[PDB]
Amino acid sequence: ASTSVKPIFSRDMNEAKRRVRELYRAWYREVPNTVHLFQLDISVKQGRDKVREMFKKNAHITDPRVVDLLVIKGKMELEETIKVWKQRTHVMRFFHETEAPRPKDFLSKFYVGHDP
Amino acid sequence: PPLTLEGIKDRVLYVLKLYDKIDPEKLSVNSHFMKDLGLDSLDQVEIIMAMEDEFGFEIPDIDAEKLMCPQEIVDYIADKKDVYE
Amino acid sequence: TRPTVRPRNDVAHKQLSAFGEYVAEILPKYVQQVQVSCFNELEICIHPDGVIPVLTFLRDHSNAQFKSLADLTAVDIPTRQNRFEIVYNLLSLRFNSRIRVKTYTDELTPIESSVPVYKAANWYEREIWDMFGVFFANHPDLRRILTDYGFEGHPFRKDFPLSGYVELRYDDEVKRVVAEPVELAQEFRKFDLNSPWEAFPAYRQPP
Amino acid sequence: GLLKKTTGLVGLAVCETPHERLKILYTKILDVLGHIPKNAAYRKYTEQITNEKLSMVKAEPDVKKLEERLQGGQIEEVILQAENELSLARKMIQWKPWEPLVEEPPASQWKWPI
């Protein structure tokens, strides 16, 4: 039927989850080299927490093909970092250091502008 | 020195205590990582990588998934290191 | 003939039509539609499973010999279920002829890499992946080629905004180039240009 | 019938025995085509052109005049094309493109303008 689709790499979520955990391990081990190689001012703990935050925001996916593309993109991102195709500016773009904290409560948004 | 089920058990529990997310008091040699200690998937993955560095060998994901408490980690390490003691 | 009107070439139109039927007779498993334009360009529309077989036949068959891959690109049509149209433009030096092969895909359905057939396809498929987000299976080295490292999105999609979502400047406090949400001193001005009167009756669609 | 020094195409070596090479390749192609169903259009058409090319080879001993008949460029280019056709036929046997259309496209897939 219309639910019978072509897979990317994983035929079901359990196969997809294995790839997620393999990608997470690769990122986890890369952070110490990245902090040293790019001479970042963040700690290894900060880098690894940022990695965990990025994986968590996609925890609600249940479509294996979507998970496949997330892993494919995550691996491209890792390769850019390991090969030093990125510069220090690209690595630090995950941390939004120059962006002021936008308000989140109703009142604070009400005082500043019109956006919800 | 030669390894022993008590030496392995000492190091496995030593690594786990250096893991900031584990309350060492609730920690026993049988506490389930999810049910007992309250950790989640990714925490378990990190714990396995700590054992890879502590015991210096690769634990593949297919094997790593079943290691859900300190005892099973000890059993896996003893099994792979052929320590029958 | 009329000095301002492009002249038609009926011989080429007939030749391309006959060869189009020829292709459709030989690969019925994949060919979905064959058409020839009024300016004599042959288009073969195929099921995406037929990429490698159809392209291989067109390259290697004695009566085809489309050795050159002139161009490979995609088109985004959001109204279609399979929004992405993949277009291969091939050239035959032996028969001094061109042909266009088209197939389709959605955001989650991989297409088979044609690098085995045309090594020219390597970078063209990286560009399609980068600009449209179409994944190509078994590509030797699929990664972005035109966008900035870490760039998010696929900017040739019709729903990606013209000016994007982020912009760059040098920040003295952190002593580096930084990315921030896009603000424009002058917003791009959208113009509504379409006339409310039909221009081309020949292309009118049923109500 | 002198031996030309070069084909003029870089990487394409001169062939010393073109007639014999062509006969072997065309005969191999016809042998491969026997493994395809008799009513497949690929077999019918490819056998037609291969026999016409093979007949020219058997009737024209001069290489220079043979090239004019075949109209495929240098004789080494003709040999190279025969190899490509032989390679294609073997792949066709696995693909079986003569089978019915695998799937119809969505209703308005090829509708332009939208």
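Heads up, residue numbers simply count up from 1 along the chain you see.
Placement of Cβ uses the backbone N, Cα and C atoms for every residue, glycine included.
As recorded in Swiss-Prot, the features of this protein are as follows:
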| type | residues | note |
| --- | --- | --- |
| MOD_RES | D:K28 | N6-acetyllysine |
| MOD_RES | D:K44 | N6-acetyllysine |
| MOD_RES | D:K58 | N6-acetyllysine |
| MOD_RES | D:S87 | phosphoserine |
| MOD_RES | D:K96 | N6-acetyllysine |
| MOD_RES | D:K96 | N6-succinyllysine |
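Separation of the C-alpha atoms of D:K58 (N6-acetyllysine) and D:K44 (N6-acetyllysine): 21 Å, rounded to the nearest whole number. If you take the Cα of D:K28 (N6-acetyllysine) and the Cα of D:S87 (phosphoserine), they are about 10 angstrom apart, rounded to a whole number. Figure note: comparing Cβ neighbours within 10 Å for the modified residues D:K28, D:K44, D:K58, D:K96, the maximum is reached by D:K28. Filtering of the modified residues D:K28, D:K44, D:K58, D:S87, D:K96 by Cβ separation from chain C (threshold: under 8 Å) yields D:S87, D:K96, ordered along the sequence. The two recorded residues D:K44 (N6-acetyllysine) and D:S87 (phosphoserine) have their Cα atoms spaced 17 Å from each other.
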